Amino acid sequence: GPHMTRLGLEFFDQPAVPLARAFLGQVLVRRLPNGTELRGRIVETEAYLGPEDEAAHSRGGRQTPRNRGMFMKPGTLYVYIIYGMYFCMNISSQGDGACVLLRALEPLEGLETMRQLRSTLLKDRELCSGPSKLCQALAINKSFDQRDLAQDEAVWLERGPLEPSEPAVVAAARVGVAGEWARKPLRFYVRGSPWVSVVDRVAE
Amino acid sequence: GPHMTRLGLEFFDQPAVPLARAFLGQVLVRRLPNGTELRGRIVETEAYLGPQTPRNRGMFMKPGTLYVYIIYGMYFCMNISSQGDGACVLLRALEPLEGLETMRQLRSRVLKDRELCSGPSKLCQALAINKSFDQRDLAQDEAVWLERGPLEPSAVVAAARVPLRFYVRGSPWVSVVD
DNA sequence: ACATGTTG
DNA sequence: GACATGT
């Protein structure tokens with residue numbers, strides 16, 4: 001096989017916009033306790049900018065027990081429970097209380113395991129087409145909160161051979177909401193990808 | 001208009017379970033100092049069967065006595081003394097019937113009709129019921145009553161409390177559905 | 001007790 | 001709807 005090295009601190013240590021963009025095309029890898037490796041190529045992300053960002057958990061420099069990850073070293077995972085039963089997987093970027101949410105993966109490996117995991121918690125485009133869908137598919141839960149994506153043995157990021165060029169990256173309004181921050185183009189996805197959670201035609 | 005009287009001692013002077021069930025479909029009325037009348041149909045209650053505290057004296061008074069207490073230093077719960085040593089019924093939810101706009105300004109996001117009275121503390125806020133109501137008599141008070149029309153109220157579910165919680169089956173106004 | 005925040 | 005979290 002090819003020489004494989006994980007993306008580390010150097011990759012994660014950039015501001016939220018460039019990081020959210022840089023994630024696109026990179027391959028998120030999960031290794032289950034049974035040894036099964038799950039891979040999904042990132043096709044959709046969102047930037048949360050920090051204190052000024054009315055939509056961010058870190059609005060006004062607010063640090064709470066839950067959102068510790070957003071204020072930890074870049075690369076630190078911030079995984080929280082939303083609507084009681086779903087997870088959102090974020091990665092702390094450079095910048096006070098700034099992070100990147102992963103929203104959608106093209107599944108590459110272990111699709112049958114992703115299917116088993118999600119059906120318990122059917123189509124391939126249904127597996128990772130959403131921030132909480134992808135968490136289920138890759139057995140990611142709160143136990144991953146505050147772990148380091150640069151160093152962890154169970155989850156890591158690999159440089160992916162297929163990165164979108166600037167013109168192929170769509171910038172669009174974020175999903176799930178405010179004010180001027182509900183409309184800001186802080187969601188980024190690969191143009192024409194069928195794995196993306198929500199298409200935005202006006203932005204395209 | 002119809003000949004309206006109010007429910008009195010005879011209605012309230014029953015055990016906590018019969019009364020908690022009997023409250024469902026009755027209309028609670030609150031008249032504000034400005035003359036505005038607020039109305040809400042009781043759709044969810046809880047019976048408390050008793051075993052004496054400086055705060056629970058209300059539930060140890062004659063049936064129909066209000067027991068209103070502060071919880072989490074902010075909210076209110078409205079309870080009505082029934083027959084039985086220390087027994088009472090909590091009001092948990094109302095269907096808002098009139099004065100909804102007042103209910104909204106008293107409660108004030110954008111909140112809809114289903115958010116006005118869908119909770120024991122929501123309903124007290126909505127009907128301006130506070131501590132100054134504690135130990136008042138529901139059968140005789142001038143600011144708050146349980147009205148009685150020429151028609152009886154209109155299906156009751158007995159569930160665990162939040163089988164001593166009772167609510168109108170499938171009502172969109174019940175706080176928590178089992 | 002309340003207010004509020006993706007999936008299907 | 002969840003139900004985890006933040007006066």
Side-chain angles (χ1 to χ4, degrees), chain A residues 44-46 48 53-71 78-90 97 101-105 114 117-120 123 125-138 140-143 145-146 174-178 181-182 187 196-198, chain B residues 44 46 68-70 72-73 75-79 90-94 103-104 106-112 115-127 129-131 159 161-162 165 167 170-178:
Chain A
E44 185 195 355
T45 63
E46 286 180 337
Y48 290 89
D53 198 345
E54 289 197 324
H57 282 194
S58 54
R59 56 185 197 275
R62 149 201 199 86
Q63 300 180 0
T64 62
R66 147 223 249 192
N67 73 17
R68 199 206 215 96
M70 301 175 73
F71 303 86
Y78 170 40
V79 183
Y80 70 90
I81 309 170
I82 198 173
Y83 300 100
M85 60 177 172
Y86 295 118
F87 303 100
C88 293
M89 185 187 165
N90 298 82
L101 172 76
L102 305 187
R103 284 194 50 84
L105 312 182
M114 298 177 189
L117 288 171
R118 257 178 68 32
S119 55
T120 310
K123 228 293 277 172
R125 281 175 79 248
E126 276 192 300
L127 300 169
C128 300
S129 58
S132 300
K133 296 179 195 175
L134 79 83
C135 279
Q136 285 184 352
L138 271 64
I140 284 164
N141 49 38
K142 207 192 184 300
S143 81
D145 185 49
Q146 297 167 34
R174 290 178 295 191
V175 166
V177 175
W181 298 89
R187 181 169 70 95
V196 165
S197 76
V198 181
Chain B
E44 181 195 352
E46 293 179 342
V68 173
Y69 63 90
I70 316 156
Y72 297 91
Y75 294 108
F76 296 94
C77 288
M78 178 169 175
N79 302 255
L90 169 66
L91 302 186
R92 278 198 51 90
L94 321 178
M103 296 187 187
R104 221 177 307 283
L106 289 171
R107 285 233 68 217
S108 175
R109 71 137 163 340
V110 183
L111 50 158
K112 59 189 158 73
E115 280 174 285
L116 285 185
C117 297
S118 49
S121 293
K122 290 181 196 177
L123 74 83
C124 287
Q125 276 194 4
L127 277 62
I129 290 154
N130 54 46
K131 187 94 256 173
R161 286 172 298 195
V162 176
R165 177 167 72 94
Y167 66 79
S171 183
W173 313 103
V174 178
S175 67
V176 183
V177 185
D178 194 294

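As a basis for the values below, the full set of heavy atoms in this structure was taken, side chains included, without hydrogen atoms, waters or symmetry mates. Order of the sequence lines sets the chain letters (A, B, ...), proteins ahead of strands, with each chain counted from 1.
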| request: Considering just the side-chain nitrogens and oxygens of A/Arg103, establish if one lies under 4.0 Å of OP1 or OP2 belonging to C/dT6. | output: yes
| said: For a 4.5 angstrom cut-off between non-hydrogen side-chain atoms, does A/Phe87 reach A/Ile81? | reply: yes
| note | Regarding the side chain of B/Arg109, the nearest nucleotide among D/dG6, C/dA3, C/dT6 is C/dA3
| field | Set of residues satisfying salt bridge (charged side-chain N to carboxylate O under 4.0 Å, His left out) with respect to A/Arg174, sequence neighbours excluded | value | A/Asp53
| field | B/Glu46 CD - C/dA1 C1' separation (whole Å) | value | 12 Å
| Is_stacked (B/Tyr72, C/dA1) at 5.5 Å, 30 deg | yes
| field | Nucleotide nearest A/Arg118 (side chain, heavy atoms from C-beta), chosen from C/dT6, C/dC2, C/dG8 | value | C/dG8
| query | Of the candidate nucleotides C/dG5, C/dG8, C/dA1, which contains the atom at the shortest distance from the side chain of A/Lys133? | reply | C/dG8
| task | Find out whether A/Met89 and A/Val79 are in side-chain contact, i.e. whether some heavy atom of one side chain is under 4.5 Å from a heavy atom of the other. | result | yes
| field | Residue A/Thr64, side-chain atoms from C-beta onward, closest of D/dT5, C/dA1, D/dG6 | value | D/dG6
| Out of D/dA2, D/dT5, C/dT6, whichever nucleotide has its closest atom nearest the side chain of A/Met85 | D/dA2
| Which dot-bracket notation, 5' to 3', represents the base pairing of DNA chain C when pairs are defined as Watson-Crick or G-U with both distances under 3.5 Å, crossing pairs as [ ], and inter-strand pairs as |? | .||||...
| Beyond-backbone contact of A/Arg187 with A/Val198, side-chain heavy atoms, under 4.5 angstrom | yes
| message | Without decimals, in angstroms, what is the distance between A/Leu101 CG and C/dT6 P? | response | 7 Å
